[PDB]
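First comes the structure, then the notes that go with it.
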Amino acid sequence: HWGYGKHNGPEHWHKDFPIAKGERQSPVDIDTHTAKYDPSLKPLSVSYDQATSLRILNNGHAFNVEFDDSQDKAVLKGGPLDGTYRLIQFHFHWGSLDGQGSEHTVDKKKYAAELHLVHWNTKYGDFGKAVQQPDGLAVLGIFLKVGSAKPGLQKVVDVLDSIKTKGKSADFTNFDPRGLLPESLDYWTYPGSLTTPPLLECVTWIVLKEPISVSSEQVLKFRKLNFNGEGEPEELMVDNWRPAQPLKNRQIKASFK
Ligand SMILES: O=C(O)Sc1ccc(O)cc1O
Ligand SMILES: Oc1ccc(S)c(O)c1
Ligand SMILES: [Zn+2]
């Protein structure tokens, strides 16, 4: 099946997922000089005070932190969105080296990693229905650069030891995702897709302008995870990012001038 190596990586995905060559694929490079400032855009509203985290999982292509999404506890509203989007999970993409790892780029600049906070439009009742709709998902993308440590990230990095291989999970309660946000919520937004198979074109991307800083030791622990299951040859979980895709007939909009 699919992954990120030479024989099953992104340049091969289109044979099983033909939408990979679709018209609204992600990620993309954000050219900051051709993005359109849009005064019509509202500030984002992040209400994460009642988030209920459940579990952290190694799924063979990243680690996911999963939330209880049976009620409007942790929601995203405003910005370019219509309606209420519930948080269901977050994950990261990262590199083998600090000079690469993000999926979106900014004027061709790569960051060391990218955080994806995945939300689905409550109007469609569950996540499974939402991914079949052009306005079904809203994904907050946040860049990570290497510098000072991020206190709110350390609880995540401390548990990675326990989910090193594919299929492992651990209880992960009382984690507050507010500690992963930058100070400013200025953003770029464009319509796009999941960046992993099945690559569905159901995502409103909201990419924050301001990165968060993490220390080298924090992202080093990310790179110790494994793509393989226990009892298999070890393949380190690194470079789980898809390269930038042709923007084609879209305009990236900015919430700031
Ligand atoms: O995060 C996931 O992807 S796992 C999950 C599945 C369904 C659900 O309603 C809530 C979840 O957190
Ligand atoms: O549900 C999702 C899985 C992976 C990725 S990159 C998403 O953006 C959503
Ligand atoms: Zn992602």
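Just so we're on the same page: first chain in the structure tokens is A, next is B, and so on; residues restart at 1 for each chain, and ligands are numbered from 1 in the order they show up.
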DSSP alpha helix (DSSP H) residues within range 92-135 of chain A, as JSON, numbers by chain
{"A": [127, 128, 129, 130]}
Once you have the residues from the selection above, write them out as a PDB file, in the first residue's frame, restricted to N, CA and C atoms.
ATOM      1  N   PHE A 127     -18.021  12.661  10.537  1.00  0.00           N
ATOM      2  CA  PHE A 127     -16.827  12.860   9.741  1.00  0.00           C
ATOM      3  C   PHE A 127     -16.906  12.145   8.390  1.00  0.00           C
ATOM      4  N   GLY A 128     -17.358  10.885   8.434  1.00  0.00           N
ATOM      5  CA  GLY A 128     -17.504  10.060   7.252  1.00  0.00           C
ATOM      6  C   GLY A 128     -18.354  10.704   6.169  1.00  0.00           C
ATOM      7  N   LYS A 129     -19.471  11.347   6.499  1.00  0.00           N
ATOM      8  CA  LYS A 129     -20.307  12.078   5.558  1.00  0.00           C
ATOM      9  C   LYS A 129     -19.636  13.380   5.126  1.00  0.00           C
ATOM     10  N   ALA A 130     -19.012  14.062   6.094  1.00  0.00           N
ATOM     11  CA  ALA A 130     -18.361  15.330   5.804  1.00  0.00           C
ATOM     12  C   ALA A 130     -17.281  15.201   4.737  1.00  0.00           C
TER      13      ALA A 130
END
When the cut-off is 9 Å and you count only C-alpha atoms and all ligand atoms, which residues lie near ligand 3, shown as a VMD selection string?
chain A and resid 62 90 to 93 103 114 to 118 139 141 194 to 196 241
Proximity check range 158-195 of chain A to range 30-50 of chain A, 12 Å, nearest pairs one decimal Å, only C-alpha atoms, as a Markdown table:
| residue | atom | partner | partner_atom | distance |
| --- | --- | --- | --- | --- |
| A:174 | CA | A:50 | CA | 9.9 |
| A:175 | CA | A:50 | CA | 10.6 |
| A:176 | CA | A:48 | CA | 7.7 |
| A:177 | CA | A:48 | CA | 7.1 |
| A:178 | CA | A:48 | CA | 6.5 |
| A:179 | CA | A:48 | CA | 10.2 |
| A:180 | CA | A:48 | CA | 11.1 |
| A:181 | CA | A:46 | CA | 9.9 |
| A:184 | CA | A:44 | CA | 10.3 |
| A:185 | CA | A:44 | CA | 6.8 |
| A:186 | CA | A:43 | CA | 7.7 |
| A:187 | CA | A:44 | CA | 8.7 |
| A:188 | CA | A:35 | CA | 8.0 |
| A:189 | CA | A:35 | CA | 9.3 |
| A:190 | CA | A:30 | CA | 9.8 |
Would you mind exporting N, CA, C and O atoms of the selected residues as a CSV table (one decimal), in the first residue's frame?
chain,number,residue,atom,x,y,z
A,174,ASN,N,-6.8,14.8,28.8
A,174,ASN,CA,-6.6,16.1,29.4
A,174,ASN,C,-5.5,16.9,28.7
A,174,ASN,O,-4.8,17.7,29.3
A,175,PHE,N,-5.3,16.7,27.4
A,175,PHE,CA,-4.4,17.5,26.6
A,175,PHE,C,-5.1,18.7,26.1
A,175,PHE,O,-6.2,18.6,25.5
A,176,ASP,N,-4.5,19.9,26.2
A,176,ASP,CA,-5.1,21.2,25.8
A,176,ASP,C,-4.5,21.7,24.6
A,176,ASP,O,-3.3,22.1,24.5
A,177,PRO,N,-5.2,21.6,23.4
A,177,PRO,CA,-4.5,22.0,22.2
A,177,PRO,C,-4.3,23.5,22.1
A,177,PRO,O,-3.6,24.0,21.2
A,178,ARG,N,-4.7,24.3,23.1
A,178,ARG,CA,-4.5,25.7,23.0
A,178,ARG,C,-3.0,26.1,23.1
A,178,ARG,O,-2.6,27.1,22.6
A,179,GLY,N,-2.3,25.2,23.7
A,179,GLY,CA,-0.9,25.4,23.9
A,179,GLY,C,-0.1,25.2,22.6
A,179,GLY,O,1.1,25.3,22.6
A,180,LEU,N,-0.8,24.8,21.5
A,180,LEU,CA,-0.1,24.7,20.2
A,180,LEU,C,-0.3,25.9,19.2
A,180,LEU,O,0.2,25.8,18.1
A,181,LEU,N,-1.1,26.9,19.7
A,181,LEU,CA,-1.4,28.0,18.8
A,181,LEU,C,-0.3,29.1,18.9
A,181,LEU,O,0.2,29.4,19.9
A,184,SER,N,-0.7,35.1,17.0
A,184,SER,CA,-1.6,35.8,16.0
A,184,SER,C,-2.4,34.7,15.2
A,184,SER,O,-1.8,33.7,14.9
A,185,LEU,N,-3.6,35.0,14.9
A,185,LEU,CA,-4.4,34.1,14.1
A,185,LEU,C,-4.6,34.7,12.6
A,185,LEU,O,-5.5,34.2,12.0
A,186,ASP,N,-3.7,35.5,12.1
A,186,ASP,CA,-3.7,35.9,10.7
A,186,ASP,C,-3.5,34.7,9.8
A,186,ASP,O,-2.7,33.8,10.2
A,187,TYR,N,-4.2,34.6,8.7
A,187,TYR,CA,-4.1,33.4,7.9
A,187,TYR,C,-4.2,33.6,6.4
A,187,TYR,O,-4.7,34.7,5.9
A,188,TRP,N,-3.8,32.6,5.7
A,188,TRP,CA,-4.2,32.4,4.2
A,188,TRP,C,-5.2,31.4,4.1
A,188,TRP,O,-5.3,30.4,4.9
A,189,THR,N,-6.1,31.4,3.1
A,189,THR,CA,-7.1,30.4,2.9
A,189,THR,C,-7.3,30.0,1.5
A,189,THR,O,-7.3,31.0,0.6
A,190,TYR,N,-7.5,28.8,1.1
A,190,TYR,CA,-7.7,28.4,-0.3
A,190,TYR,C,-8.5,27.0,-0.2
A,190,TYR,O,-8.4,26.3,0.8
Considering only C-alpha atoms and all ligand atoms, state which residue in the set A:198, A:233, A:191, A:60 is at the smallest distance from ligand 2.
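Once distances to ligand 2 are computed over only C-alpha atoms and all ligand atoms, the minimum belongs to A:198.
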Could you pull out the residues in range 30-165 of chain A that DSSP calls strand (DSSP E or B) from the backbone, as a ChimeraX atom specification?
/A:30,36-37,44-47,53-58,63-67,75-78,85-94,105-106,109,113-121,137-146
Pick the closest to ligand 2 from A:228, A:70, A:204, A:216: which is it, counting only C-alpha atoms and all ligand atoms?
A:204
Need the shell around residue 52 in chain A: protein/DNA/RNA residues with any atom at most 12 Å away, counting only C-alpha atoms. Skip same-chain ones fewer than 5 positions apart. Format as a PyMOL selection string?
chain A and resi 65-75+86-89+171-177
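Of the listed residues (A:120, A:2, A:94, A:17), A:120 comes nearest to ligand 1; the distances count only C-alpha atoms and all ligand atoms.
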Given only C-alpha atoms and all ligand atoms as the counted atoms, nearest of A:125, A:83, A:27, A:9 to ligand 1:
A:125
Smallest atom-to-atom distance to residue 124 in chain A: which of A:222, A:85, A:143, A:227, using only C-alpha atoms?
A:85
Which is closest to residue 229 in chain A among A:167, A:18, A:136, A:95, if we use only C-alpha atoms?
A:167
So how many Å separate CA of residue 131 in chain A and CA of residue 202 in chain A, to one decimal?
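It comes out at 5.6 Å.
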